[PDB]
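Chain lettering (A, B, C, D, E, F, G, H, I, J and K) follows the sequence in which the chains are written, and residue indices restart at 1 in each chain.
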Amino acid sequence: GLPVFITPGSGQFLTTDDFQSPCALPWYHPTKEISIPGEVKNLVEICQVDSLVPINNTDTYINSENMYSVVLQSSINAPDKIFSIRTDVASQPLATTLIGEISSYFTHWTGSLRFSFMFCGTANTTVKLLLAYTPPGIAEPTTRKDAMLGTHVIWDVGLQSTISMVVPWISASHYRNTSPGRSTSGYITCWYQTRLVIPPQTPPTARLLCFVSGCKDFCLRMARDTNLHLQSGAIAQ
Amino acid sequence: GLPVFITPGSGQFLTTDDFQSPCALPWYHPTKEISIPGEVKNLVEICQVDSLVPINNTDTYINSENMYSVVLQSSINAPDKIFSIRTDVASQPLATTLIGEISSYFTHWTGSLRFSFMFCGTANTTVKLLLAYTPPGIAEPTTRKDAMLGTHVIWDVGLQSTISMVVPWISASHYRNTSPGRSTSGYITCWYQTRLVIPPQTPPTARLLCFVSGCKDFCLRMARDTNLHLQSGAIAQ
Amino acid sequence: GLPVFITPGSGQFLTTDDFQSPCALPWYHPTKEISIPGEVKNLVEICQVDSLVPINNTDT
Amino acid sequence: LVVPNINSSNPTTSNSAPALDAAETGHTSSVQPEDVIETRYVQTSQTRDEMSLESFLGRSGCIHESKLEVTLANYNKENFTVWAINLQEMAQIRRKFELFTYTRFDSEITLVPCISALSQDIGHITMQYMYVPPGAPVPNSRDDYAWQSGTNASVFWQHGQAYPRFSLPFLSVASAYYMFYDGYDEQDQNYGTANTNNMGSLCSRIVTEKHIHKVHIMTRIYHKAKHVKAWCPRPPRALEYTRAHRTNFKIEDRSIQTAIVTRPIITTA
Amino acid sequence: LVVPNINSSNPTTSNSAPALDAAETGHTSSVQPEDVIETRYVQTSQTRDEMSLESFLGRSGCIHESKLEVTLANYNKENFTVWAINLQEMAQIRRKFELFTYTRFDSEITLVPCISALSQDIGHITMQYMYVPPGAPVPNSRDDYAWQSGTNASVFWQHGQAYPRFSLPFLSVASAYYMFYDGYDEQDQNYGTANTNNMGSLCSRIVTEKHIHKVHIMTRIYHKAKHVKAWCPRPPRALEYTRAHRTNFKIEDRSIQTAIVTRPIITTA
Amino acid sequence: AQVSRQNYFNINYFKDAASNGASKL
Amino acid sequence: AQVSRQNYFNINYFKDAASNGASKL
Amino acid sequence: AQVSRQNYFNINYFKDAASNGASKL
Amino acid sequence: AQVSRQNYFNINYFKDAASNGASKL
Amino acid sequence: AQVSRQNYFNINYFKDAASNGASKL
Amino acid sequence: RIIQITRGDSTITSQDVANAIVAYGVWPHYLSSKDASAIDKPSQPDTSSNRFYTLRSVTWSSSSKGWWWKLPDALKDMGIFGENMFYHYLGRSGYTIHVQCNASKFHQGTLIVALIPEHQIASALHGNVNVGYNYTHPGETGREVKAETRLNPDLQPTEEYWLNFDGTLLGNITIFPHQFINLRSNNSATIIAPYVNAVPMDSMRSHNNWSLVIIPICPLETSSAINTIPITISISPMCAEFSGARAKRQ
């Protein structure tokens, strides 16, 4: 027959290969497809949906709904820091959000992150906050002055209870690793720009919710297994 | 299926083969290319750049910058030999130059060599030198008369401090081995044509630098591993 | 991939075979040919040249 | 599949605040970099192919490890295995598919049979793997008549042979597989996907007749989805799995442990 | 790729001295044979293809020798290997790539697994090689769940099988690999390419279940660059290498020894 | 037939579609 | 397609370019 | 020749019809 | 070339006629 | 291409001429 | 022989050049949007940062073995350029390096002036040691080959100037953009260099792109009483761009 020459690699099983193989059920006709709402075609569709960041991840609020909100105080009359988080998509606390979870199935990422905040106080409660993003190469800011020297938004909480801020892609390389070592993409810090003011007979504190999702910008590459889930034993049948 | 006939050689691993193989990261999209100055496409580009020949390779000057220069003397009033070297690209002392190092990754060579010299004495110091190339088949010259009977250049060191001389390809065969046995491509010898003359109160000696590179002529073939580098042990991680 | 069927003879080494095989020195360019008088193309050219017959092949 | 370019942006002083919205609506914000900062014009060049479902799910992963310990004493009585097929017993694969409520795809199955020598030699070993759809007779011994495979599909592997592989078309009686099922039996029992996901069994036997070498044969089964479609994304599993077909997560004498790591103070990143 | 022809040349008596120049300028001389001697017309016929980067770097060379000594005592606890991938541990390959400051290419990896028999027989041995990108869980034992390879790429080899081989696309997050890096950590540590060249690990395990034959498996890994590009040539390494990712050359109680050979007198070639 | 890639050759060799390789995006 | 050589047959069989053989000079 | 399927490539390689694969319906 | 049978594909792969298969009747 | 013989099929599969089979006379 | 280079509000003249070298044949230019990664507008200070900065002079004597400086490190303290370098995460710049050294027609000596990309220095000692951040960041002072006892030496770079400080032979250093200053012919060397990196912009504090190495290949000799002469370096950033502004890094 046709003289052939066998090439290295022949006969191996590479789990990410793409070859054809004989069908064990010849002539079988599968069930017709019907219309089911909600089809997903690409994982980026999930990365673009907002999910709550467990910003209050301390031992006190840890296995409850409280890890998802921060409490603002009317008794504070100072430019205090309210909270901060690293900007790396798969770092804690972002890691367990939708976008952090999908990012953990890949090795590199790029793009801008959209952070949104929802103020949940009374309709008569007001406040102005400073939301700031500090590009890398420096320690996270400990004073409002140092924070505002970076990218920031001054949020007036009045009739709209929500705001969105974008952390732009500012990196030397086009992509970054989802597992960062001694590396950072920066920080997001929140500060009192003015004060949480309330009229008489109104609760003196109010909560804030923080969401994250990726922009049109966002992209992930090099699929890998996630470090965010385990199997330490058999799964019973 | 298609009747085929397996050919000898099948299944072997030849390190210099050229076959396709499945990609382990399907669909992966690599980082875009950006403009980086200095692209190299062919090793000959390196062979064509001048590098200093460690012409003074004696135990005295050996691990220093002095192995790269020769000292001329005003006290010599005679047609003395200043230095000499074999012309074989990978022989010592040429071996560790850029062109000698690249040549040591190949088995055969051909082409002309360009040798350049730079006089580093005072602007008031002068001299005329005889640079000569002796084709093979004879012992290296021991007298200026025998040297000049070959290919040569008489260099007047005046206002230009540099000169280039070309050692032409003169060989029976079209190529020569980079590892020569009982063989030579000839010699380059340097002699006082006149004398190193200086005015009063000027240093009585002056240095000379020698460079080598290949001409448009130059070509190497049959890639092989270099004899100019070793690994006698593990490289620590 | 393409369904194939292995034929008897496969994998054998027949010294008078005629197959292609990978080159161990890829991209290598051999020395140009120069003119050398006396090229022979076929053994019959030699058979057609006279040579002396050792007709007196005795021990003496 | 291209990611859009980052356009040039300028200093705005306006009445429309694109940064301001209401998330109460259940809609995700539409703010892009250009709305919040004076953006630079960058020509992004990223394909999104690797993030497609085909790419994400189209990778072979282990779904079952079948161990056959060959007994020489009752050679025909035993020496066969039975496994009710499912994608619920190995975590890595299970978690990826459970990111969706319904999935539909063809399956590529690759087998990796490994013979463990427990005697001086292994002789000649041949295995038979038969797919038994629900209702077909399940083998009861190494020499059961069901191994005749008159109509079921069987695949044979012998020592020395490359890894077996074959495809299966989408198998459900429904239009998609149920990754989750908020329902029961016709008898008000078995809450979950145990009802919906009955794909029959994969049975195997050592075909070689009685011999004198003890061996164990471990065949790992790998599954890769092809020509994939999925609907209704779900949050990823946050805890270890404990059972097949059930979302149960409680473990005895052990606290709930998620992948969230705590920190002392929330004002330090 | 053609080398130019040597043209005919005649005796010149002129005011322009092509042989005379100034190398102070940092420019290499342009003198060809015809400028210095009465040259003969020769029709050169040499291609320069073999001197191309593709040809020079496009050859398979050993970059790692992975030794797995199978222990029968704690069979599942050990029997796996981990190696942080890099081209710095074997001299021949390292020196060739370090002739450039930045390189960019796809990689072809060929594996040469050799089983060393330490018992009467070797039975049936099967190996699994898995590529673990940075961040993915690294296996901790032979039976780690990470070997399920739900999404990482794994390749299997069994005794009798031809040499495995597969390609990897250019892997960096940058536009080229750094062969050298005059920089540090974000913490002012780890000077060198240790920062820039983090490609993850190559892990392997013997897949066959517990058996009774002691064996050692040495898998040598060969790497060949394909579709190569390189920038900014550098002088070749002149001394033995001592560490990965560092240009250090000092060895304890040993003098610096280059490949230059000394001679007694410089007036004798 | 021939297809471009992120040019290569490709045809189906089996009669059942389940046998085919990965889908084109 | 067919290419000349320093004539031979050559086509790509895989969908990813990294799989291809040595580059043409 | 090429055939559609419930498109793929198919030709007969042997000289006796008994050698052929399953019949087209 | 293609031949009918008591249709199939057939070409010679070797340079010597003795190598060919059975003769056509 | 196809060649006559003392007809058969033949093409070169490698990029270096040294790889080719015996020369045509 | 005559050069005049005008940069910001600065002009260099040299009546004895070996005309200027443009490293790798590429003239410096601002980063193109096609190669860009970061998405914010880069600040371009122009004439306030793209001007000549003269560093502290070094003395060339008969026993000198060599010196090196690293860029952008050498300019970290230089006016507006230095400021931008630390207020921004990312920076990018090309340079015009003008090395000046005059003597007399009765002096002889030769310097090699090389600009090396990614000059990863070797450490002084054997064993598991690496070069400490402080030692590859000497500032405008640069580093001079002194062969004689320094500190925490397990953190020091090598002094083997003839091995290019990195295990390759001086002598082949000519493969890098370079010029010679041979006293009988010239009194300056000028190298114009574009930005060279595998990323479009980078951290200037963490990564030095170019290393400027100066080595006396032929010693300074003269019968004049003026037997040591200085070597002065003036460097002008070109097309400097910065991005990722925030507080100043200390």
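Heads up, the rule we're going with is that a contact is a pair of C-beta atoms (placed from the backbone, for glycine too) under 8 Å apart; a residue touches a chain by one contact, two chains touch by 3 or more.
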| item | value |
| --- | --- |
| Other chains in touch with both subunit D and subunit G | B, E, F |
| A-C compared against A-D, more contacting pairs | A-D |
| By mean Cα position, the chain sitting nearest the middle | E |
| Cα-centroid distance, subunit I relative to subunit J, in whole angstrom | 19 |
| CA centroid of subunit F to CA centroid of subunit K, Å | 56 |
| Centroid distance [mean C-alpha coordinates] between subunit K and subunit B, Å | 29 |
| Cα-centroid distance, subunit B relative to subunit H, in whole angstrom | 66 |
| Residue numbers of subunit G (touch at least two other chains) | 6, 12-22 |
| Subunit E: positions in contact with at least two other chains | 1, 22-24, 46-47, 49-50, 52, 55, 58, 101-102, 110, 145, 148-151, 153, 155-156, 161-163, 165-176, 185-186, 189, 231-233, 235-238, 242-243, 256, 258, 260 |
| Where subunit C touches two or more other chains at once, by residue number | 1-7, 18-23, 25-29, 32 |
| Residues of subunit I touching subunit A in the complex | 13 |
| Residue numbers on subunit I that touch subunit J, as the complex places them | 11-17 |
| Residue ranges of subunit A in contact with subunit K within the complex | 112, 134-138, 141, 146, 149-151, 168-174, 217 |
| In the complex, subunit D residues that touch subunit B | 45-47, 49-50, 52, 55, 58 |
| List of subunit K residues in touch with subunit B within their complex | 23-26, 32, 35, 65, 105-110, 117, 128, 161-162, 169-172, 174-175, 180, 182-185, 194, 196-200, 215-218, 221-224 |
